[PDB]
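J.: Just need the structure, nothing else, for what follows:
(chains A, B, C, D, E and F)
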Amino acid sequence: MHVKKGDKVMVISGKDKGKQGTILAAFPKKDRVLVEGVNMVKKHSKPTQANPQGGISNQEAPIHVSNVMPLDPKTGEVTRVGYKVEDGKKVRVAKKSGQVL
Amino acid sequence: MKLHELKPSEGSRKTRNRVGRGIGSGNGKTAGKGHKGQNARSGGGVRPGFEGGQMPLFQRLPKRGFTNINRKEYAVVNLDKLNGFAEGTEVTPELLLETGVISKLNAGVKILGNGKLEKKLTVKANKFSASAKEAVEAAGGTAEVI
Amino acid sequence: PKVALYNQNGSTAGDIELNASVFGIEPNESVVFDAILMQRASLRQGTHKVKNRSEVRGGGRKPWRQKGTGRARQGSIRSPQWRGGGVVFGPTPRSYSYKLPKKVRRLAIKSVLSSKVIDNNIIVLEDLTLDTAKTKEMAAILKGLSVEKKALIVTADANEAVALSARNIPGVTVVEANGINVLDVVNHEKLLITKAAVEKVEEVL
RNA sequence: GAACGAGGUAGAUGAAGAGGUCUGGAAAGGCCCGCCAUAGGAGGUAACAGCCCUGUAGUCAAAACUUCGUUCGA
RNA sequence: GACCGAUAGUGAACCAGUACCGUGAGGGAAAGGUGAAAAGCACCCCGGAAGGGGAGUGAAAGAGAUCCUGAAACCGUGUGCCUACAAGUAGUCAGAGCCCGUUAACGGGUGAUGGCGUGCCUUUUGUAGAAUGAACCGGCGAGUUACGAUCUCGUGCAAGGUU
RNA sequence: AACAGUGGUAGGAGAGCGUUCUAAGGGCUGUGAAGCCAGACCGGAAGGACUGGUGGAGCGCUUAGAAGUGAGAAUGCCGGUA
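T.: Numbers count the residues shown, from 1 in each chain, chains lettered A, B, ... in the order given. Please find the structure below.
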């Protein structure tokens, strides 16, 4: 997908609209993307093996990649993505900007 | 006229007769075929000449004569068709074909004696009738046999 | 048959005389209808086959004896009233086209063109030259020519560059001067013609 | 029994709006505004998307096998 | 694709030529759908559990594992009216009483009582028939197409029409 | 307007109603479509609206075409339940 693990991204649709977040997950098997601070589900938790706790765990939940584009690192608005090569390895270059990633 | 106001020619469209659907239309339970007949069952037709075992008409009637492989059916044309061509012109079977007066030359062109002709022609045809010859000689044309 | 001539940028010129035998004929509604129905049926391909009783992978044996059994008398397990299948008089693969006389089809196409003339949706665009296949140029051309609904453009020689550009619109298509039909003419409700194709179709008819 | 052009088998590049606002759980929906289009095929995108993504039109790409066109007698 | 949308469409959308049956050749099924995301029920009470009741998630819990929607047969629970001197193809129409009040209109439900009145279909000269068929509910299930012919109708040309 | 007529099996003819697709034009829909459930509404008929509840995404209308187009019975077939 156009997004990668470890990217600063911006979300479009859903209840969470127009909020910043970082990426620490990726699911290319299902185009499924977990962003920080979005889809704030509250999972019911039983004790886990020898862990003696019982409660509701409030944690992240992943969203679809089609609702996420990354931002321009220069101007800061959400921008479209293009592909370009730079001295051997190809690089991810956002549209309407010359900067990479 | 656009498509969303399509009108056919009235009387040029007829609804299909869906037999054996309900009783209000008629042709209901029996589907318009009566009762218990031989014709009333599927594939129940009789042979088209067959009349109940009674020895049919074509069998009761005898046979007639032959036909021959040699049969010269001549292309018929009467004198009235000759009036279309102009005065003093030459007519040939090929020009007859191009004018389309005869659609098939086949065994041969033959003029026949119906119609009034008052024109001078040079007619080239394989066979003539005697009335045709006297008519063209009365008109002043020349009937020569190809 | 005296439609005014228009230029590329919406400018108008002297009007063009048109063939009376082609464009002034009183149209025949029934003939136009039948010509519509003709190729309307001809476009469909009618591929549909459903398995008749004799070819449904089974049947074969008699399920049980005729007499001495409380069940009704019954043939093969694959049978019309039987659940497993075997349909009777289903759709069959077949052709849905026929043919009409040359005189009838030429009369129909003359009728529809003349009808377009008499309701005045014909706009003639002589020498339709575009140096690039970009779409927004002919979009601005059409906005200047003031067409909003669907349309049809006929240009014979410039087709190689116009056809890429104008194919962008779903409701708008180019046609060659040869390929004039009835559905495309009636449906597109606004016939764009060039004078070269005018004379070409004129001598064709 | 050579080298040459075009295909095939992996692929790459590829324009345009989180536009404002309303309902809504979620806008691809409604209203008011723009842009691309050789690309308005299609699918997915919390509901009906050309401009969200995969893509699509074009434009390219083969280390290795494979298929087609130019060389070696009266 | 003027083809089907899960009794359809391949037998087979689902671990199907499987399960199963047959000694063997062979025959040959049924069985799709939570949610956008499992975020799939932490915790409390009853209980051995199952199952429930709460609390929580969701837009929905009647959405909680055949889990979209959930018709009918069938089976229950409260009830407004009526019913233990009446025999009744079980209706219809008169009809008092009682209860209710509507897509407001010479309204709705129930009906003590009176008159008349032997189901449906098929096949028959003739059926309430003691002739036949149906336990019920739901789904499926029978005159089409091809190629010719003929007739009518309507179109285009017309002594020509036509590929 | 007047006159006359209007039982009905096999049958024959004419008018139609409805369903699924397909084009044409029009529009309806999360401010809740299809479907389901309930009403004391409308037409001569097949049927068709309106208002509630459920339901949670597709569907009418206009005109024409094409049909796997209309079930109560076949000791019909399958599923469910008496």
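J.: show me the contacts for residue C:1.
T.: By Cβ atoms under 8 Å, 6 or more residues apart in numbering or on different chains, the contact list for residue C:1 reads C:17-20, C:23-24, C:117. No exception for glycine: its C-beta is placed from N, CA and C like everyone else's.
J.: Extract the C-alpha trace of the longest helix along chain C and format it as PDB.
T.: Longest helix in chain C, counting residues (DSSP state H): helix C:102-119. The C-alpha atoms that make up helix C:102-119 are tabulated as PDB, following Å, rounded to 0.1, in the frame of the first residue of the first chain:
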ATOM      1  CA  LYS C 102     -32.900  -1.900 -48.400                       C
ATOM      2  CA  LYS C 103     -35.700   0.500 -49.300                       C
ATOM      3  CA  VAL C 104     -37.200   0.300 -45.900                       C
ATOM      4  CA  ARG C 105     -34.000   0.900 -44.000                       C
ATOM      5  CA  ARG C 106     -33.000   3.800 -46.300                       C
ATOM      6  CA  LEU C 107     -36.500   5.300 -45.900                       C
ATOM      7  CA  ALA C 108     -36.200   4.900 -42.100                       C
ATOM      8  CA  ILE C 109     -32.800   6.600 -41.900                       C
ATOM      9  CA  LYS C 110     -34.000   9.400 -44.200                       C
ATOM     10  CA  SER C 111     -37.100   9.800 -42.000                       C
ATOM     11  CA  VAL C 112     -35.100  10.100 -38.800                       C
ATOM     12  CA  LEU C 113     -32.600  12.600 -40.300                       C
ATOM     13  CA  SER C 114     -35.500  14.700 -41.700                       C
ATOM     14  CA  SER C 115     -37.300  14.500 -38.400                       C
ATOM     15  CA  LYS C 116     -34.200  15.900 -36.700                       C
ATOM     16  CA  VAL C 117     -34.200  18.600 -39.300                       C
ATOM     17  CA  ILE C 118     -37.800  19.600 -38.700                       C
ATOM     18  CA  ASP C 119     -37.400  19.700 -34.900                       C
END
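J.: quick check, that helix touching RNA strand E?
T.: Yes. Judged by Cβ under 7 Å from any atom of the strand, helix C:102-119 comes into contact with RNA strand E through C:102-104, C:107.
J.: Centroid-nearest residue for chain B?
T.: Central residue of chain B (Cα atoms, centre = their mean): residue B:103, 13.5 Å from the mean position.
J.: I'd like to know how far it sits from RNA strand F.
T.: In this structure, residue B:103 and RNA strand F are 34 Å apart, going by Cβ to the nearest atom of the strand, to the nearest Å.
J.: Check for me that that residue belongs to a strand.
T.: No. Applying DSSP: H, G, I helix; E, B strand; the rest coil, one finds residue B:103 to be coil, outside a strand.
J.: For it, give me the backbone phi and psi.
T.: Main-chain torsions, residue B:103, degrees, to the nearest 10: phi -90, psi 0.
J.: Give me the spatial nearest neighbour of residue C:126, chain neighbours excluded.
T.: In space, and not counting its chain neighbours, residue C:126 is closest to residue C:195: 4.2 Å by Cβ to Cβ, 6 or more residues apart in numbering or on different chains.
J.: Chain B against RNA strand F: which residues are in contact?
T.: Residues of chain B lying near RNA strand F by Cβ under 7 Å from any atom of the strand: B:2-8, B:13-18, B:21-22, B:24-28, B:30-35.
J.: who's in contact with the longest helix of chain C?
T.: Residues outside helix C:102-119 that contact it (Cβ under 8 Å, 6+ apart) are B:1, C:1, C:3, C:18, C:21-28, C:31-32, C:34-35, C:38, C:100, C:122, C:180-182, C:185-186, C:191, C:205.
J.: So which of these belong to strands?
T.: Among those, the members falling in strands (DSSP state E) are C:3, C:122, C:191.
J.: What number of residues are in the vicinity of the second one?
T.: So that's residue C:122. Neighbour count for residue C:122, taken as other Cβ atoms under 10 Å in any protein chain shown: 18.
J.: List the contacts of the most centrally placed residue in chain C.
T.: For chain C, the residue nearest the mean C-alpha position is residue C:183 (4.0 Å; Cα atoms, centre = their mean). If you count contacts by Cβ under 8 Å, 6+ apart, residue C:183 has them with C:36, C:39-40.
J.: Quote the end-to-end distance of stretch B:92-103.
T.: Counting by Cα to Cα, to the nearest Å, you get 14 Å between the two ends of stretch B:92-103.
J.: Same check on stretch C:139-152?
T.: End-to-end distance (Cα to Cα), stretch C:139-152: 14 Å.
J.: same check, this time on stretch B:21-30
T.: So stretch B:21-30: terminal residues 10 Å apart, Cα to Cα.
J.: Equivalent analysis for stretch C:12-30, please.
T.: 36 Å.
J.: Distance from the chain centre to the helix or strand harbouring residue B:59, please.
T.: Using DSSP states H and E, residue B:59 sits in helix B:57-60. With Cα atoms, centre = their mean, to the nearest Å as the basis, helix B:57-60 stands 27 Å off its chain's centre.
J.: cool, stretch C:11-28 as well?
T.: Mean-position distance between stretch C:11-28 and its chain equals 24 Å (Cα atoms, centre = their mean).
J.: Equivalent analysis for stretch B:102-111, please.
T.: 16 Å.
J.: and it, which residues are buried?
T.: Using 16 or more other Cβ atoms under 10 Å in any protein chain shown as the test for burial, stretch B:102-111 gives B:109-111.
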